[PDB]
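In: An experimental structure, sequence included, is below.
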Amino acid sequence: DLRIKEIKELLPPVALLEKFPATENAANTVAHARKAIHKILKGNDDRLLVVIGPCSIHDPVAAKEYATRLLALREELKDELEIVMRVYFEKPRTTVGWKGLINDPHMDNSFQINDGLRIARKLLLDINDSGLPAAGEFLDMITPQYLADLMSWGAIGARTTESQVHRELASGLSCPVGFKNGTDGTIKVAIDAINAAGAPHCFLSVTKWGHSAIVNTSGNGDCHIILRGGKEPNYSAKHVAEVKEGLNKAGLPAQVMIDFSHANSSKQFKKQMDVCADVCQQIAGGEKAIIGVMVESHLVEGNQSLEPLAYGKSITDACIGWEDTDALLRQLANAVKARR
Amino acid sequence: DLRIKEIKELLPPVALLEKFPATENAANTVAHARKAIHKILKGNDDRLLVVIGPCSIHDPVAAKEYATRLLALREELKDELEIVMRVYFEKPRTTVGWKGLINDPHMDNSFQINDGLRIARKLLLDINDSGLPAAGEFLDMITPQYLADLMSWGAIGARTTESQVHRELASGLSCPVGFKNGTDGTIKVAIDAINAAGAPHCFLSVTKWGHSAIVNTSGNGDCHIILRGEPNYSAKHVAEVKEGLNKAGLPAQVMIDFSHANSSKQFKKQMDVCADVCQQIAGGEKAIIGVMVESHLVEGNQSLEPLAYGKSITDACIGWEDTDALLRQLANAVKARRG
Amino acid sequence: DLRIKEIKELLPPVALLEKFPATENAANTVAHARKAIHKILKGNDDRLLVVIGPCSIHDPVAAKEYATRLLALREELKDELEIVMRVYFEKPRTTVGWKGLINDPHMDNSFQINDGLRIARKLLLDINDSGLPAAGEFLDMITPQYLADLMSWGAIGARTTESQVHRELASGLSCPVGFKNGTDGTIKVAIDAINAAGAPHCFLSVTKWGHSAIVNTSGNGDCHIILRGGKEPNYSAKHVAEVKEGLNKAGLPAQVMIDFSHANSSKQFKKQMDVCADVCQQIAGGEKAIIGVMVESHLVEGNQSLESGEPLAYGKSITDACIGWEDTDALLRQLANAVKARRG
Amino acid sequence: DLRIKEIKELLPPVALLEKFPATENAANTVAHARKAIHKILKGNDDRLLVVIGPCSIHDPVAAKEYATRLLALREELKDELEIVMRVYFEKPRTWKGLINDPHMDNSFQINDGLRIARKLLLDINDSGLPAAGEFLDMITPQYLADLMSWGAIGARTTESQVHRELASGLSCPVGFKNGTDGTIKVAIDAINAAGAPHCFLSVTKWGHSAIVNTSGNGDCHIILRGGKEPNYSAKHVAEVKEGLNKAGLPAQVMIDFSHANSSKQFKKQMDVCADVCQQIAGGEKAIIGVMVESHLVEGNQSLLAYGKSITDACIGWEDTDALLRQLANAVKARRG
Ligand SMILES: O=C(O)/C(C[C@@H](O)[C@H](O)[C@H](O)COP(=O)(O)O)=N/O
Ligand SMILES: [Pr+3]
Ligand SMILES: [Pr+3]
Ligand SMILES: [Pr+3]
Ligand SMILES: [Pr+3]
Ligand SMILES: [Pr+3]
Ligand SMILES: [Pr+3]
Ligand SMILES: [Pr+3]
Ligand SMILES: [Pr+3]
């Protein structure tokens, strides 16, 4: 009505799925990575899930370069690390800001969202087709139909871990999903989310044809917590123990994924290397509860603001550079061989 | 989609708008109320916005009797109060329970949402058509298209004040919106939410036709905080909130939720909160621009065999006699603050 | 799309069905009438189906006045006639012209089709709720979803009996369907259509949600020919016998509905009474194959034109000329008398 | 809905458009061919439109082989003939085609048939061979009409208001067949109705019903296909020309060599060719086009052999080369 200025046409998921179908290789990649993460979340596999990549995708060419480098390390460190690339097309803002490649691919408030979906699905498809699994945050309620079939692992953001519609979304997603602890370090909201997402739900959603409908979900038991800090970090064994106690109390597996960035690094990118030190000591000491980690990495460390932009630098959160990334990864895989 | 078991047809919004179109009376009710709340939020009216009514509606018949009683008080106290009926269809919770009138109108877990939507719109239509404005809660992104044209005020869920998708929704709502503070009593997320909601946004949404589309909003400047709690209705807390709002550059105004934490989960304590808030107002507090009270015909609650008439099946409410006294307490207070 | 000037929002059928649901009595009218026509078609009832009423609906008020009068005769004559009102909202044109109430309800080329659908369904609902069944021509491929649940009988026009998409539509309609012979008098196109409509089909159509979809139909066994004349009228006994033998050779029951109007009256509205006199003699003489008739009838006889700009007369056709109410009463009593004589 | 058994999902047009967008080559083929046919119909080109190809496409491989052979004769005889391939994906009966049942088994895999048909049309146009189609359905056109340079309304639907409405909004020129009996009145009526603007309900590229308004289509003409007796002779053209002139329309005609004009015999198409060539070479400027049922192999088959029709019987490639050259020489003599 009065506060809706304009309404514009939107391609339906089925149109993106027809233009950019999954290649056989892409399908195989997704299936294998999901099965491997299920094996890790059920304890049958001792390796570590590493979700690593840019805070946000804004340049498909650099992403293709990053993916080529990360894919090499995935094949080399595969005995200790299940590497999944961060391919974030959606970004939650504390108040306002650039919301990601889908919402605004030209970074200029043009909102060419149909091109955003075309660009994002094609990049996601090419990455998977090369053999590299991909991960994203599921923030929007309507975009998942265009992308989810190419997602090997998903995240629910700290500012939406408490959101019913997002817990419902998780309960129907074909991939494992991680829920961030609240902005204040509150762990309870995430356990409740894991519990909710493991149950069936009945709710309103949008179909592959772009039409609203009633949807019934089965429940997703491949769900786990992601520690991302609060006013202070929470990546330490002590914190891990507290969390593992809350998980056992709730009838849930005492498994944790540790995010080296955001509140766990105080928004200082280089601090991810020190969080890595601490977590690697926990693994080498015997912590089987750390089943995964998450790292904000890019070709060039730091971040830049939004006219032409520097190559390989994040336009959102500051990331560690590739050299630090190659090193961080070997450290993690060294700690995994020690724990084994 | 291997964790999606079934997909069933949903009536498009235009089907419910064609079946239950707004009468001229209902449309006038909504327009007048929205204007009145804007005037209060702009500091151009010294009257108190009162959103009052059941925790959740589970019986349209009892809701219409409530609306008749409340309408009478709305006319008697209009010089001091802008009375809006709380027409909430669900109690958001994580534990198991009735999913509300839209999700489960027959209260049996049959999830007859088409039926629920029909019942909800018809009730909203009837209440507005009688002259009583209605206030709702926005818990998802798809049902507002069926109902918001009959809402004069809305509240975003407490568990979603932080969510970008709910802030995007508020940016394009035609009615004023209240954002609840944090479970710790902090006001930062609600300030972030008011800022975000006041900005223009572009996002994906379902249209009146039942199809996803791209929508651009203007931003909603009629948003405010709701203080809902340990309790935070006290004058110290109100001063603290006013300070945070002034520093953030927002108007130092607040709506106070008398129920839940602010009442330590004891329905009768809403009368204690009322006594305190009335004290703050009569002494001169102009920041308190609204209140929220959980009220029904019959006080208390019951668990969902027949049910007691007019008694909440969700959270406990004050009953009509207390409601009549509370509203007179608030009105006498508005007279005092004035002169 | 260089020749598509404008595209506009259309209410989906679920909106009209939700706004105007069938009442209990309306649904009863439709179900009873369809069953009664099925019975006549199977040879288990000796009554005459009579489809009668305006060439086109353009005024809901006159249409309801007409319906009330017709309903009273429907009740009075129901041992002899199964009376169904023509409630035609769609008109096929020889070239160009007003396409009917749905396409253009204000009759001024404003094409307010959403209001037309609303006006049309509400009228169909009021007429059925009163107890009077309704008949229409199925011309448009999208409008049936808005109306077909309130239709007891349908016609596929002379210009579309040959059309594959209309034969497909008929194969999935829940009501009996009449196929008019071709505009040049050809019977075979009508027999082919009956056989086509009796078979299952798979085709593209629009659902009640206004979306395209793939539909599978079961086939419609309640189809028959309508005799509407060609270069010359084809209502006489010589013509009915050729149609009877033509139908049997194709393996179909020798049954016919005769349209008294259009080419069988040589487009001279009062000649419907001359056809009536001949068809009555045939029926009362023992002709069982004549299972129905069709008559263009209004409150006031004649027609009038919209081209004038003059205010329209009440109760008078803006399309084909029609007989007025007095002749209509006399004609229905003639038919009932003949059906009684056929029996005794 | 007692007589409706099942309702199955259908890809919206936007899905097939996104999967199979028009190459710039395809788009240019379409545009140039449409503008050239306009020029023939406005009488500013003495060239002859030739719509030629199989009665029906059942094998995309054989259809692409035909397209290749025909493109050669197209560029060779371009100064006399505007050659457009007949790519007929919907068939009228009383098997509805590759779109309705691509695998030919009553499996009715229409989403696959739509995918196959749009791909074949896109490939043929990308090559430089414009395509011609029959418009039988009101929904299929939104998935294929962008790749069509000319279209026909079948004889069984010339009289139908809903097909005239569709014709009035098509971006391509349209031919209307005379009805089964040699009479042109329904076809003259159809040309007049399709020339006028119309408002009607249709399905958009998004798969939703909506109200559309059309401008009218002035690029419509008659197609003589005969009836009980053939109507391609000079006497017949003259009668049709007088009828057209009385109705107020350009006195122009396309002549279908097959069907009744051939009395259901594929070799008689060569005889009609003889006759029409004699008429054109004698100075008949009113014959602006012809239609021939041609395949790589001659004849037909039922319920397969390669490059042979499973519908109407067609002429083989040798006869096809000969006929195209005959028409070209005839148009050369008309010009000279
Ligand atoms: O209603 C019927 O049963 C019909 C349709 C008939 O009413 C037609 O619509 C006009 O006679 C055409 O009028 P024009 O020839 O002026 O376009 N039978 O043919
Ligand atoms: Pr980040
Ligand atoms: Pr674009
Ligand atoms: Pr409550
Ligand atoms: Pr129901
Ligand atoms: Pr008529
Ligand atoms: Pr209107
Ligand atoms: Pr053929
Ligand atoms: Pr397939």
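Out: Cool, got the structure. Numbers count the residues shown, from 1 in each chain, chains lettered A, B, ... in the order given. Ligands and ions are numbered 1, 2, ... in the order given.

In: List the residues that contact whichever residue of the stretch 201-340 of chain A sits closest to ligand 8.
Out: Closest contact between the stretch 201-340 of chain A and ligand 8, by Cβ to the ion, is at residue A:209 (35.7 Å). For the C-beta atoms, the positions are set from N, CA and C on the backbone; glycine is no exception. Applying Cβ atoms under 8 Å, 6 or more residues apart in numbering or on different chains, we find residue A:209 in contact with A:12-14, C:211, D:9, D:12, D:207.

In: hmm, try it at 7 Å
Out: A:12, A:14 (Cβ atoms under 7 Å, 6 or more residues apart in numbering or on different chains).

In: what about the spatially most central residue of chain A, helix or strand, and which?
Out: Per Cα atoms, centre = their mean, the C-alpha nearest to the average position across chain A is that of residue A:136, at 3.9 Å. Using DSSP states H and E, residue A:136 maps to strand A:134-137.

In: re the thing from before, so the residue nearest to the centre of chain A touches residue A:87, yeah?
Out: Yes. Residue A:136 is within contact range of residue A:87, at 5.6 Å (criterion: Cβ atoms under 7 Å).

In: thinking again about what came up before, for the residue nearest to the centre of chain A, name its beta-bridge partners.
Out: Judged by DSSP bridges, the bridge partners of residue A:136 are residue A:154.

In: For the closest residue to residue A:157 other than its chain neighbours, grab the count of nearby residues.
Out: Distances taken as Cβ to Cβ, 6 or more residues apart in numbering or on different chains place residue A:92 nearest to residue A:157, at 4.8 Å, with adjacent residues excluded. For residue A:92, the neighbour count with other Cβ atoms under 10 Å in any protein chain shown is 19.

In: show me what contacts residue A:92?
Out: Neighbour list for residue A:92: A:139, A:157, A:159-160, B:164 [criterion: Cβ under 7 Å, 6+ apart].

In: So which elements touch the strand holding residue A:136?
Out: Judged by 3 or more Cβ pairs under 7 Å, 6 or more residues apart in numbering or on different chains; DSSP states H and E, the packing partners of strand A:134-137 are strand A:81-86, helix A:113-130, strand A:153-156.

In: Run the contact check for it versus ligand 2.
Out: No. Strand A:134-137 stays clear of ligand 2 (Cβ under 5 Å from the ion), getting no nearer than 9.2 Å.

In: Can I get that strand as PDB, trimmed to CA atoms?
Out: Only the C-alpha atoms of strand A:134-137 are listed here, as PDB (Å, rounded to 0.1, in the frame of the first residue of the first chain):
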ATOM      1  CA  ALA A 134      29.900 -24.900  -1.000                       C
ATOM      2  CA  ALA A 135      28.200 -23.300   2.000                       C
ATOM      3  CA  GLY A 136      26.000 -20.300   2.500                       C
ATOM      4  CA  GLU A 137      23.900 -18.500   5.100                       C
END
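
In: thinking again about what came up before, out of the helices and strands packed on strand A:134-137, nearest to ligand 4?
Out: It's strand A:153-156; of the helices and strands packed on strand A:134-137, that one is closest to ligand 4 (Cβ to the ion) at 25.3 Å.

In: Give me the helices and strands touching that closest one, please.
Out: strand A:134-137, strand A:177-180.

In: what do you get if the cut-off is 6 Å, keeping everything else the same?
Out: On a contact count with 3 or more Cβ pairs under 6 Å, 6 or more residues apart in numbering or on different chains; DSSP states H and E, strand A:153-156 meets strand A:177-180.

In: Hmm, residue A:88 and the residue nearest to the centre of chain A touching each other?
Out: Yes. In this structure residue A:136 lies within contact range of residue A:88 using Cβ atoms under 6 Å: 5.5 Å.

In: residues of stretch A:13-27 that come out buried?
Out: Within stretch A:13-27, the residues that count as buried by 16 or more other Cβ atoms under 10 Å in any protein chain shown are A:13-20, A:22, A:26.

In: now check it, is it near chain D?
Out: Yes. Part of stretch A:13-27 sits near chain D under the criterion Cβ under 6 Å from any Cβ of the partner chain, namely A:14-15, A:18-19.

In: Secondary structure added to those, as a markdown table?
Out: Listed next are these as a markdown table, based on DSSP: H, G, I helix; E, B strand; the rest coil:
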| residue | secondary structure |
| --- | --- |
| A:14 | helix |
| A:15 | helix |
| A:18 | helix |
| A:19 | helix |
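
In: Output these as TSV; include the columns distance to ligand 1.
Out: Below are these laid out as TSV (distance: Cβ to the nearest ligand atom, whole Å):
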residue	distance to ligand 1
A:14	40
A:15	40
A:18	42
A:19	45
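
In: got the CA coordinates for stretch A:54-66 in CSV?
Out: What follows is stretch A:54-66, C-alpha atoms only, in CSV (Å, rounded to 0.1, in the frame of the first residue of the first chain):
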residue,chain,number,x,y,z
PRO,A,54,35.1,-14.9,1.8
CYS,A,55,32.7,-13.1,4.1
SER,A,56,30.7,-12.4,1.0
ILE,A,57,30.9,-13.1,-2.7
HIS,A,58,30.9,-9.9,-4.8
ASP,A,59,33.2,-10.8,-7.7
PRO,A,60,32.6,-14.2,-9.4
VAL,A,61,36.0,-14.2,-11.1
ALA,A,62,38.0,-13.9,-7.8
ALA,A,63,35.7,-16.5,-6.3
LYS,A,64,36.6,-18.8,-9.2
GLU,A,65,40.3,-18.2,-8.4
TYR,A,66,39.8,-18.7,-4.7
